[PDB]
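Undergrad: Structure in structure tokens, see below.
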Amino acid sequence: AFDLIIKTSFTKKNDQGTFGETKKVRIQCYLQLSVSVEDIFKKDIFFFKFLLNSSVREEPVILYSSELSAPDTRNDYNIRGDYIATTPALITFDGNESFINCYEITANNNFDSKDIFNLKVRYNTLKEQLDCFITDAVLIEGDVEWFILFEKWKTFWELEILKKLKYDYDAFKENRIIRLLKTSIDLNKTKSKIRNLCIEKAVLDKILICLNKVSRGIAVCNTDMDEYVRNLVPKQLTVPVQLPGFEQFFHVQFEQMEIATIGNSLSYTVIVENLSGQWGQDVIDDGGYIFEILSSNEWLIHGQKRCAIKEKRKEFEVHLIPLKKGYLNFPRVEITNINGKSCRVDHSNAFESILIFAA
Amino acid sequence: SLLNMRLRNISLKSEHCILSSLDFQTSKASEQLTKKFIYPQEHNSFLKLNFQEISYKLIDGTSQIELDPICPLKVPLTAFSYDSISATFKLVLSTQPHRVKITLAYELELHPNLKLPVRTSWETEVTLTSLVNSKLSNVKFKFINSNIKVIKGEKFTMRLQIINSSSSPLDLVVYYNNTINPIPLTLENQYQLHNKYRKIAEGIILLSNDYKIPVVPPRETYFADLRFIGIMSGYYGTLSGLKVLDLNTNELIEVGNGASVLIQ
Amino acid sequence: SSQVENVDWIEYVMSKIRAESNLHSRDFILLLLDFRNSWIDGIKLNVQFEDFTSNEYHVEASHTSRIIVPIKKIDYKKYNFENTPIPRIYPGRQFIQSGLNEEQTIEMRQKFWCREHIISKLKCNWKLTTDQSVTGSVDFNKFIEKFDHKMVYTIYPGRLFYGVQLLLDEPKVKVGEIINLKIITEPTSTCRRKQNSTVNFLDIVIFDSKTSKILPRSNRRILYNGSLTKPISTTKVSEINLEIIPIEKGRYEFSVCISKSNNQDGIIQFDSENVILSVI
């Protein structure tokens, strides 16, 4: 946060005088919302997963829409999974409230790992929304003759008192009670400040009882405060994101041959093929791309545990032998390059289990 | 010696055997020697090992006998650089360690003219619950068919063997508890625990609840003919709830550990 | 399934749900009665309820037989046991308080009326095995003890706080397709007076069904928009919905867990209701 001085020297035509004020402001040059991408690859469909999160311990934010716009480079991928919030969704710095925004992308011809996608998430801080709530609900409830009187000091109200308030965000997160912290603002001097200003008596009175009431902790949670964000401008955080760079893409499929008692061979045949043509990059059927079935403590592999991929499509048999009692996952697999390169693996049935039923 | 190998045998008390699994792979020496003399001018060369015969032989003194593998192993197999082939052998198991020999006869096939033979070999030794007993007592329990699979909804029967040899007859009473065990952990693990306890509680019912097993005289046996019926599809491995109470010292031994009911 | 229709109770439940296909299988409970024969000879039992009759059970001497008799759950929407004082069968005596605050008396009232519901509805007959013409009957007022907390939770769902309800579009979908599920939630009479509040949170925790293992929170199998946790009002019926997207083949359970607040412990109820979807 930094300070800024603006100074104007504007002139009018009806009068001869040269007017112009000189204001000093404090600007918050910090990004409240934080985003972290996480992607999943599967055969011919691509998945994004953005874990949207706040970036400050005591400044939770609220979300409205997070539609991911496709790039304008061409009639490209058809995106599917845009999110429009019926009501604002609250997110805090960290906890068991992981906000996930997921997208499913299907290509028309092929993928290219040089395009740029734009997220375009719209949001607001909870402080701003609740400030609108207090200044529209607890103070000007269904009144016009009073609001026209109060309009004189609206800019003061929204700048010297409303901005200085501190809201019990923990209390709101727990019980949705709109209460201030103990060391939020000292009314004994705030009343003196307003008294020092030329102010109408009833306006002073209503501001005083408003501050006292909200210090007492009014706790309207969901019956209201969902029709007041209409007049609140949203912030927007269009952020770019790109697919990760990699050299080759493989997918491995275990096919059953011809439930399964312990200590008995299960005949499986693995099918490994370099499906890199789908993603633009041409196949490399001679690279040092050793493929190995990681032997765990619950699966004994019989056959070719490891072999070097030097063909577009490779297939070979393998017999699995379980060790533990029941409901075991398939053995993990990995394709790693020998020199320095990286590649992405699509285990077709990573999360699938066999029920071993002994004897 | 680009045939670095290992033997990582694992015991199996369920079927009463030990599974010895040799796994031989091309070592880093193959990588070092490939680009030195095998094909120096080429950029991506590979070895062409061919295995004439692999033997896993059980030996005791002067006698020896070959052991076949679990699944078939096609003997005249090829092998290239960066390979790992493993074979598994089953031999039945106290304090008498075994003695085994592994011999791999193979040959490199540099060009289809010459073949250098190798006969590397080495000897070594094969070195590294369902039955439930009663604490502070000698009575012992075992299910005749601890591994039962039946269609869900149908009532089934499970035959519980009691061994009594301690001093005197027992008045043990068996029951299944159909109440959710109170939980004691984060929300994730705590809800996992609650779901497990609920599934245990209202999954199976014993149609002879609170059966008074009449008498089990000393140095004799008895068959508690328990009768069940399931109502939730699932795999109830080592099912809890089926706990037998002894009305002599208030033993609450968990007799259900030797049960592996599966119902669709 | 339909293969095992031989025993009486399963067949009764099936005919009821099939002939009146709006009730789910959740709206049924067993009673698990156990008749102990203390007579020298055997007796044939025949237990009866609202509509169905159980087949004959031969109970020989000095041996207990566990009888299954299903019951339809009683709904608090049309019984109002909350405000219905226990009848006084010999009125005219002046009124002296036993001494019980609101919670104790409402608990006792619910237990008593819950017990009384299934006494004026359940009966059984006799046939002595030796002489077939010694028929009779047995009452249940002098055998059925007072209920406990679990017995009231299972039969009377008004004791619980929220009567949530789940449903899907269809329980069959291919890989990579939005399929929303909507969770209806009506508070019960217990919640409207037991605790003061305006918001309670619930979770949409997901299980593997087959392995019966809970999936992680930010998993790689089920992708959804928005947080699983979200508030619900404690006074009005609240409807929520999600944007489940399957990723891999399998089955999932989609249970629900209502909590008072997002501070570790302090969970109101773990509802047992769940709806399964199989993706393939």
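Letters A, B, ... mark the chains of the structure tokens in the order given; residue numbers begin at 1 per chain; ligand numbers begin at 1, in order shown.
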Which neighbours of residue C:188 fall inside 12 Å, counting only C-alpha atoms, when residues of the same chain fewer than 4 positions from it are skipped, and could you give them as an MDAnalysis selection string?
TA: chainID C and resid 75:77 80 82 156:164 192:195 234:237
Undergrad: DSSP on the backbone, strand (DSSP E or B) only: what residues of stretch 44-255 of chain C does that give? Format it as a PDB file with N, CA, C and O atoms, in the first residue's frame.
TA:
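After the write, selection.pdb holds the following:
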ATOM      1  N   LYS C  44     -45.802 -73.355  17.170  1.00  0.00           N
ATOM      2  CA  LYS C  44     -45.734 -72.712  15.864  1.00  0.00           C
ATOM      3  C   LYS C  44     -46.106 -71.243  16.033  1.00  0.00           C
ATOM      4  O   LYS C  44     -47.193 -70.931  16.529  1.00  0.00           O
ATOM      5  N   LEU C  45     -45.215 -70.350  15.611  1.00  0.00           N
ATOM      6  CA  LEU C  45     -45.455 -68.913  15.658  1.00  0.00           C
ATOM      7  C   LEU C  45     -45.996 -68.424  14.325  1.00  0.00           C
ATOM      8  O   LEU C  45     -45.684 -68.986  13.273  1.00  0.00           O
ATOM      9  N   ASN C  46     -46.806 -67.370  14.374  1.00  0.00           N
ATOM     10  CA  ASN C  46     -47.274 -66.690  13.170  1.00  0.00           C
ATOM     11  C   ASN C  46     -47.496 -65.227  13.517  1.00  0.00           C
ATOM     12  O   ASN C  46     -48.579 -64.855  13.977  1.00  0.00           O
ATOM     13  N   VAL C  47     -46.485 -64.399  13.283  1.00  0.00           N
ATOM     14  CA  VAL C  47     -46.525 -62.982  13.626  1.00  0.00           C
ATOM     15  C   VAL C  47     -47.209 -62.220  12.501  1.00  0.00           C
ATOM     16  O   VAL C  47     -47.080 -62.563  11.321  1.00  0.00           O
ATOM     17  N   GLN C  48     -47.941 -61.172  12.876  1.00  0.00           N
ATOM     18  CA  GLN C  48     -48.750 -60.396  11.949  1.00  0.00           C
ATOM     19  C   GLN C  48     -48.549 -58.913  12.211  1.00  0.00           C
ATOM     20  O   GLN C  48     -48.189 -58.502  13.317  1.00  0.00           O
ATOM     21  N   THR C  53     -48.493 -61.304   6.715  1.00  0.00           N
ATOM     22  CA  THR C  53     -48.372 -62.360   7.708  1.00  0.00           C
ATOM     23  C   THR C  53     -47.055 -63.082   7.482  1.00  0.00           C
ATOM     24  O   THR C  53     -46.679 -63.351   6.337  1.00  0.00           O
ATOM     25  N   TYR C  57     -43.172 -70.319  12.018  1.00  0.00           N
ATOM     26  CA  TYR C  57     -41.881 -70.616  12.631  1.00  0.00           C
ATOM     27  C   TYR C  57     -42.094 -71.654  13.718  1.00  0.00           C
ATOM     28  O   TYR C  57     -42.878 -71.431  14.648  1.00  0.00           O
ATOM     29  N   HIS C  58     -41.388 -72.775  13.611  1.00  0.00           N
ATOM     30  CA  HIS C  58     -41.406 -73.795  14.651  1.00  0.00           C
ATOM     31  C   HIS C  58     -40.332 -73.453  15.671  1.00  0.00           C
ATOM     32  O   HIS C  58     -39.139 -73.468  15.354  1.00  0.00           O
ATOM     33  N   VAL C  59     -40.753 -73.143  16.892  1.00  0.00           N
ATOM     34  CA  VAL C  59     -39.854 -72.869  18.007  1.00  0.00           C
ATOM     35  C   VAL C  59     -39.992 -74.020  18.990  1.00  0.00           C
ATOM     36  O   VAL C  59     -41.039 -74.176  19.628  1.00  0.00           O
ATOM     37  N   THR C  64     -34.634 -70.005  21.666  1.00  0.00           N
ATOM     38  CA  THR C  64     -35.064 -68.728  21.127  1.00  0.00           C
ATOM     39  C   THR C  64     -35.042 -68.759  19.605  1.00  0.00           C
ATOM     40  O   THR C  64     -34.178 -69.396  18.998  1.00  0.00           O
ATOM     41  N   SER C  65     -36.006 -68.072  18.993  1.00  0.00           N
ATOM     42  CA  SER C  65     -36.067 -67.910  17.547  1.00  0.00           C
ATOM     43  C   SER C  65     -36.186 -66.432  17.220  1.00  0.00           C
ATOM     44  O   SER C  65     -37.109 -65.760  17.690  1.00  0.00           O
ATOM     45  N   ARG C  66     -35.264 -65.938  16.401  1.00  0.00           N
ATOM     46  CA  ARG C  66     -35.208 -64.532  16.025  1.00  0.00           C
ATOM     47  C   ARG C  66     -36.139 -64.289  14.844  1.00  0.00           C
ATOM     48  O   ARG C  66     -35.875 -64.755  13.731  1.00  0.00           O
ATOM     49  N   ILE C  67     -37.227 -63.561  15.090  1.00  0.00           N
ATOM     50  CA  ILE C  67     -38.248 -63.286  14.086  1.00  0.00           C
ATOM     51  C   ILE C  67     -37.991 -61.910  13.498  1.00  0.00           C
ATOM     52  O   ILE C  67     -37.679 -60.959  14.224  1.00  0.00           O
ATOM     53  N   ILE C  71     -41.318 -52.947   9.359  1.00  0.00           N
ATOM     54  CA  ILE C  71     -42.191 -51.855   9.762  1.00  0.00           C
ATOM     55  C   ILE C  71     -41.923 -50.676   8.842  1.00  0.00           C
ATOM     56  O   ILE C  71     -40.774 -50.417   8.473  1.00  0.00           O
ATOM     57  N   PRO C  91     -58.340 -40.616  35.780  1.00  0.00           N
ATOM     58  CA  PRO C  91     -58.373 -39.194  36.130  1.00  0.00           C
ATOM     59  C   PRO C  91     -59.220 -38.949  37.367  1.00  0.00           C
ATOM     60  O   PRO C  91     -59.981 -39.807  37.818  1.00  0.00           O
ATOM     61  N   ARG C  93     -57.571 -37.621  40.243  1.00  0.00           N
ATOM     62  CA  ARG C  93     -56.542 -37.308  41.221  1.00  0.00           C
ATOM     63  C   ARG C  93     -55.947 -35.946  40.898  1.00  0.00           C
ATOM     64  O   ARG C  93     -55.776 -35.595  39.729  1.00  0.00           O
ATOM     65  N   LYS C 123     -49.109 -58.439  16.441  1.00  0.00           N
ATOM     66  CA  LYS C 123     -49.720 -59.562  17.137  1.00  0.00           C
ATOM     67  C   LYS C 123     -49.181 -60.859  16.553  1.00  0.00           C
ATOM     68  O   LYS C 123     -48.582 -60.878  15.476  1.00  0.00           O
ATOM     69  N   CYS C 124     -49.399 -61.954  17.281  1.00  0.00           N
ATOM     70  CA  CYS C 124     -49.019 -63.275  16.799  1.00  0.00           C
ATOM     71  C   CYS C 124     -49.937 -64.309  17.439  1.00  0.00           C
ATOM     72  O   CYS C 124     -50.614 -64.036  18.433  1.00  0.00           O
ATOM     73  N   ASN C 125     -49.945 -65.502  16.853  1.00  0.00           N
ATOM     74  CA  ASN C 125     -50.840 -66.591  17.226  1.00  0.00           C
ATOM     75  C   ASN C 125     -50.029 -67.811  17.657  1.00  0.00           C
ATOM     76  O   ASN C 125     -48.797 -67.809  17.627  1.00  0.00           O
ATOM     77  N   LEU C 128     -49.926 -75.309  19.365  1.00  0.00           N
ATOM     78  CA  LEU C 128     -49.095 -76.305  20.030  1.00  0.00           C
ATOM     79  C   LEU C 128     -48.815 -77.459  19.077  1.00  0.00           C
ATOM     80  O   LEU C 128     -49.724 -77.967  18.415  1.00  0.00           O
ATOM     81  N   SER C 137     -52.607 -66.777  22.047  1.00  0.00           N
ATOM     82  CA  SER C 137     -51.959 -65.547  21.614  1.00  0.00           C
ATOM     83  C   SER C 137     -51.072 -65.068  22.751  1.00  0.00           C
ATOM     84  O   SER C 137     -51.116 -65.599  23.863  1.00  0.00           O
ATOM     85  N   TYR C 162     -32.296 -32.772  10.587  1.00  0.00           N
ATOM     86  CA  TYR C 162     -32.676 -32.475   9.209  1.00  0.00           C
ATOM     87  C   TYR C 162     -33.031 -33.757   8.471  1.00  0.00           C
ATOM     88  O   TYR C 162     -32.330 -34.766   8.588  1.00  0.00           O
ATOM     89  N   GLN C 165     -32.530 -35.172   1.580  1.00  0.00           N
ATOM     90  CA  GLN C 165     -32.953 -36.073   0.516  1.00  0.00           C
ATOM     91  C   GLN C 165     -32.109 -35.796  -0.718  1.00  0.00           C
ATOM     92  O   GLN C 165     -31.933 -34.635  -1.095  1.00  0.00           O
ATOM     93  N   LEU C 166     -31.601 -36.858  -1.342  1.00  0.00           N
ATOM     94  CA  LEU C 166     -30.729 -36.767  -2.504  1.00  0.00           C
ATOM     95  C   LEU C 166     -31.386 -37.417  -3.713  1.00  0.00           C
ATOM     96  O   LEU C 166     -32.243 -38.295  -3.586  1.00  0.00           O
ATOM     97  N   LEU C 167     -30.967 -36.975  -4.896  1.00  0.00           N
ATOM     98  CA  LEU C 167     -31.407 -37.590  -6.140  1.00  0.00           C
ATOM     99  C   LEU C 167     -30.510 -37.106  -7.269  1.00  0.00           C
ATOM    100  O   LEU C 167     -29.949 -36.009  -7.204  1.00  0.00           O
ATOM    101  N   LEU C 168     -30.392 -37.938  -8.300  1.00  0.00           N
ATOM    102  CA  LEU C 168     -29.597 -37.664  -9.488  1.00  0.00           C
ATOM    103  C   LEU C 168     -30.507 -37.619 -10.709  1.00  0.00           C
ATOM    104  O   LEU C 168     -31.684 -37.981 -10.649  1.00  0.00           O
ATOM    105  N   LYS C 172     -26.522 -43.425 -14.308  1.00  0.00           N
ATOM    106  CA  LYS C 172     -25.754 -44.037 -15.390  1.00  0.00           C
ATOM    107  C   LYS C 172     -25.300 -42.911 -16.301  1.00  0.00           C
ATOM    108  O   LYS C 172     -26.140 -42.195 -16.854  1.00  0.00           O
ATOM    109  N   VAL C 173     -23.988 -42.746 -16.460  1.00  0.00           N
ATOM    110  CA  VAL C 173     -23.457 -41.671 -17.285  1.00  0.00           C
ATOM    111  C   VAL C 173     -22.070 -42.067 -17.766  1.00  0.00           C
ATOM    112  O   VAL C 173     -21.321 -42.749 -17.064  1.00  0.00           O
ATOM    113  N   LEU C 181     -26.638 -33.131  -9.163  1.00  0.00           N
ATOM    114  CA  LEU C 181     -27.454 -33.726  -8.115  1.00  0.00           C
ATOM    115  C   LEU C 181     -27.962 -32.614  -7.217  1.00  0.00           C
ATOM    116  O   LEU C 181     -27.211 -31.696  -6.877  1.00  0.00           O
ATOM    117  N   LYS C 182     -29.238 -32.693  -6.852  1.00  0.00           N
ATOM    118  CA  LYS C 182     -29.880 -31.712  -5.990  1.00  0.00           C
ATOM    119  C   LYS C 182     -30.199 -32.348  -4.647  1.00  0.00           C
ATOM    120  O   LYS C 182     -30.708 -33.472  -4.588  1.00  0.00           O
ATOM    121  N   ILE C 183     -29.888 -31.628  -3.573  1.00  0.00           N
ATOM    122  CA  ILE C 183     -30.072 -32.105  -2.207  1.00  0.00           C
ATOM    123  C   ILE C 183     -31.122 -31.222  -1.552  1.00  0.00           C
ATOM    124  O   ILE C 183     -30.853 -30.057  -1.233  1.00  0.00           O
ATOM    125  N   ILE C 184     -32.308 -31.773  -1.347  1.00  0.00           N
ATOM    126  CA  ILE C 184     -33.368 -31.099  -0.609  1.00  0.00           C
ATOM    127  C   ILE C 184     -33.090 -31.289   0.872  1.00  0.00           C
ATOM    128  O   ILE C 184     -32.479 -32.280   1.284  1.00  0.00           O
ATOM    129  N   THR C 185     -33.532 -30.334   1.685  1.00  0.00           N
ATOM    130  CA  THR C 185     -33.236 -30.358   3.113  1.00  0.00           C
ATOM    131  C   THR C 185     -34.329 -29.619   3.862  1.00  0.00           C
ATOM    132  O   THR C 185     -34.435 -28.395   3.743  1.00  0.00           O
ATOM    133  N   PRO C 187     -35.753 -28.885   7.743  1.00  0.00           N
ATOM    134  CA  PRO C 187     -35.534 -29.094   9.177  1.00  0.00           C
ATOM    135  C   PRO C 187     -36.710 -29.804   9.823  1.00  0.00           C
ATOM    136  O   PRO C 187     -37.861 -29.666   9.400  1.00  0.00           O
ATOM    137  N   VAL C 199     -27.612 -20.567  10.463  1.00  0.00           N
ATOM    138  CA  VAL C 199     -26.886 -21.278   9.418  1.00  0.00           C
ATOM    139  C   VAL C 199     -26.259 -22.525  10.021  1.00  0.00           C
ATOM    140  O   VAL C 199     -25.685 -22.475  11.114  1.00  0.00           O
ATOM    141  N   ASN C 200     -26.386 -23.643   9.315  1.00  0.00           N
ATOM    142  CA  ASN C 200     -25.640 -24.860   9.594  1.00  0.00           C
ATOM    143  C   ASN C 200     -25.020 -25.326   8.289  1.00  0.00           C
ATOM    144  O   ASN C 200     -25.614 -25.162   7.220  1.00  0.00           O
ATOM    145  N   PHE C 201     -23.821 -25.889   8.377  1.00  0.00           N
ATOM    146  CA  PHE C 201     -23.089 -26.338   7.205  1.00  0.00           C
ATOM    147  C   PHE C 201     -23.291 -27.831   6.989  1.00  0.00           C
ATOM    148  O   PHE C 201     -23.515 -28.593   7.931  1.00  0.00           O
ATOM    149  N   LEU C 202     -23.225 -28.242   5.723  1.00  0.00           N
ATOM    150  CA  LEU C 202     -23.260 -29.652   5.366  1.00  0.00           C
ATOM    151  C   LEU C 202     -22.189 -29.926   4.324  1.00  0.00           C
ATOM    152  O   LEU C 202     -21.783 -29.035   3.577  1.00  0.00           O
ATOM    153  N   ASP C 203     -21.756 -31.183   4.272  1.00  0.00           N
ATOM    154  CA  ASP C 203     -20.723 -31.635   3.355  1.00  0.00           C
ATOM    155  C   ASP C 203     -21.302 -32.705   2.442  1.00  0.00           C
ATOM    156  O   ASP C 203     -22.292 -33.354   2.779  1.00  0.00           O
ATOM    157  N   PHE C 207     -17.679 -41.358  -1.470  1.00  0.00           N
ATOM    158  CA  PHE C 207     -17.027 -42.634  -1.215  1.00  0.00           C
ATOM    159  C   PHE C 207     -16.803 -43.381  -2.519  1.00  0.00           C
ATOM    160  O   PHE C 207     -17.423 -43.081  -3.541  1.00  0.00           O
ATOM    161  N   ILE C 214     -13.397 -43.340   1.446  1.00  0.00           N
ATOM    162  CA  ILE C 214     -13.696 -41.947   1.148  1.00  0.00           C
ATOM    163  C   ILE C 214     -12.626 -41.396   0.218  1.00  0.00           C
ATOM    164  O   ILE C 214     -11.427 -41.625   0.420  1.00  0.00           O
ATOM    165  N   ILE C 222     -13.588 -37.193  -9.275  1.00  0.00           N
ATOM    166  CA  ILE C 222     -14.823 -36.423  -9.352  1.00  0.00           C
ATOM    167  C   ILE C 222     -14.446 -34.952  -9.350  1.00  0.00           C
ATOM    168  O   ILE C 222     -13.875 -34.459  -8.371  1.00  0.00           O
ATOM    169  N   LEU C 223     -14.767 -34.254 -10.434  1.00  0.00           N
ATOM    170  CA  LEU C 223     -14.536 -32.823 -10.551  1.00  0.00           C
ATOM    171  C   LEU C 223     -15.870 -32.102 -10.442  1.00  0.00           C
ATOM    172  O   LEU C 223     -16.857 -32.519 -11.055  1.00  0.00           O
ATOM    173  N   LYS C 230     -21.274 -25.853   2.309  1.00  0.00           N
ATOM    174  CA  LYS C 230     -22.076 -24.663   2.072  1.00  0.00           C
ATOM    175  C   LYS C 230     -23.143 -24.577   3.158  1.00  0.00           C
ATOM    176  O   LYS C 230     -23.572 -25.609   3.685  1.00  0.00           O
ATOM    177  N   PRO C 231     -23.593 -23.374   3.515  1.00  0.00           N
ATOM    178  CA  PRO C 231     -24.568 -23.258   4.603  1.00  0.00           C
ATOM    179  C   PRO C 231     -25.971 -23.653   4.165  1.00  0.00           C
ATOM    180  O   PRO C 231     -26.294 -23.718   2.978  1.00  0.00           O
ATOM    181  N   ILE C 232     -26.808 -23.920   5.167  1.00  0.00           N
ATOM    182  CA  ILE C 232     -28.241 -24.112   4.972  1.00  0.00           C
ATOM    183  C   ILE C 232     -28.981 -23.491   6.147  1.00  0.00           C
ATOM    184  O   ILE C 232     -28.528 -23.553   7.292  1.00  0.00           O
ATOM    185  N   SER C 233     -30.128 -22.885   5.851  1.00  0.00           N
ATOM    186  CA  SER C 233     -30.952 -22.291   6.890  1.00  0.00           C
ATOM    187  C   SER C 233     -31.587 -23.378   7.751  1.00  0.00           C
ATOM    188  O   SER C 233     -31.864 -24.490   7.294  1.00  0.00           O
ATOM    189  N   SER C 238     -34.405 -25.871   2.270  1.00  0.00           N
ATOM    190  CA  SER C 238     -33.314 -25.345   1.462  1.00  0.00           C
ATOM    191  C   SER C 238     -32.960 -26.351   0.380  1.00  0.00           C
ATOM    192  O   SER C 238     -32.824 -27.546   0.662  1.00  0.00           O
ATOM    193  N   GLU C 239     -32.813 -25.864  -0.849  1.00  0.00           N
ATOM    194  CA  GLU C 239     -32.431 -26.679  -1.992  1.00  0.00           C
ATOM    195  C   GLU C 239     -31.063 -26.233  -2.481  1.00  0.00           C
ATOM    196  O   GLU C 239     -30.838 -25.039  -2.706  1.00  0.00           O
ATOM    197  N   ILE C 240     -30.156 -27.196  -2.637  1.00  0.00           N
ATOM    198  CA  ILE C 240     -28.821 -26.966  -3.166  1.00  0.00           C
ATOM    199  C   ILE C 240     -28.577 -27.962  -4.288  1.00  0.00           C
ATOM    200  O   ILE C 240     -29.221 -29.010  -4.366  1.00  0.00           O
ATOM    201  N   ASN C 241     -27.635 -27.622  -5.162  1.00  0.00           N
ATOM    202  CA  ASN C 241     -27.288 -28.491  -6.275  1.00  0.00           C
ATOM    203  C   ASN C 241     -25.825 -28.296  -6.643  1.00  0.00           C
ATOM    204  O   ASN C 241     -25.226 -27.258  -6.346  1.00  0.00           O
ATOM    205  N   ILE C 245     -18.866 -33.966 -12.240  1.00  0.00           N
ATOM    206  CA  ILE C 245     -18.318 -34.412 -13.520  1.00  0.00           C
ATOM    207  C   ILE C 245     -17.483 -35.666 -13.278  1.00  0.00           C
ATOM    208  O   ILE C 245     -16.406 -35.563 -12.674  1.00  0.00           O
ATOM    209  N   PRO C 246     -17.908 -36.856 -13.705  1.00  0.00           N
ATOM    210  CA  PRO C 246     -17.051 -38.031 -13.535  1.00  0.00           C
ATOM    211  C   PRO C 246     -15.833 -37.962 -14.441  1.00  0.00           C
ATOM    212  O   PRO C 246     -15.837 -37.312 -15.489  1.00  0.00           O
ATOM    213  N   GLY C 250     -16.279 -46.280 -12.561  1.00  0.00           N
ATOM    214  CA  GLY C 250     -16.419 -46.774 -11.204  1.00  0.00           C
ATOM    215  C   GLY C 250     -17.804 -46.466 -10.658  1.00  0.00           C
ATOM    216  O   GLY C 250     -18.721 -46.138 -11.406  1.00  0.00           O
ATOM    217  N   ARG C 251     -17.918 -46.589  -9.336  1.00  0.00           N
ATOM    218  CA  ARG C 251     -19.143 -46.302  -8.604  1.00  0.00           C
ATOM    219  C   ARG C 251     -18.815 -45.397  -7.427  1.00  0.00           C
ATOM    220  O   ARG C 251     -17.742 -45.512  -6.830  1.00  0.00           O
ATOM    221  N   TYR C 252     -19.739 -44.493  -7.103  1.00  0.00           N
ATOM    222  CA  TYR C 252     -19.557 -43.526  -6.029  1.00  0.00           C
ATOM    223  C   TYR C 252     -20.842 -43.445  -5.219  1.00  0.00           C
ATOM    224  O   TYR C 252     -21.924 -43.740  -5.729  1.00  0.00           O
TER     225      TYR C 252
END
Undergrad: Just need the residues of chain C within 10 Å of chain B, counting only C-alpha atoms, so spit them out as a PyMOL selection string.
TA: chain C and resi 1-7+10+32+34+63-68+150-151+205+207+209-217+255+257+262-265+267+270+272
Undergrad: Give me, as a list in words, all polymer residues having an atom no more than 12 Å from residue B:96, counting only C-alpha atoms and skipping those fewer than 3 positions away in the same chain.
TA: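 Those residues are residues 60, 93, 99, 125, 126 and 127 of chain B.
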Undergrad: Could you tell me how far atom CA of residue A:182 lies from atom CA of residue A:57, in Å and to one decimal?
TA: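 Between these atoms lies a distance of 17.8 Å.
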Undergrad: Taking only C-alpha atoms into account and nothing else, which residues of chain A lie no more than 10 Å away from chain C? Please answer as a ChimeraX atom specification.
TA: /A:39-40,42,45-52,63,80-85,89-91,95-105,173-177,219-223,326-329,348-355
Undergrad: Near residue A:211, counting only C-alpha atoms, which residues have an atom at most 12 Å away, once you skip same-chain residues fewer than 4 positions from it, shown as number ranges by chain?
TA: A: 134-135, 138-139, 157, 161-162, 165, 178-180, 184-188, 190-191, 204-207, 215-218
Undergrad: Pick out the chain A residues within 10 Å of chain B. Count only C-alpha atoms. Give them as a ChimeraX atom specification.
TA: /A:96,262-267,286-293,297,300-309,318-321,323-327,338,355,357-359
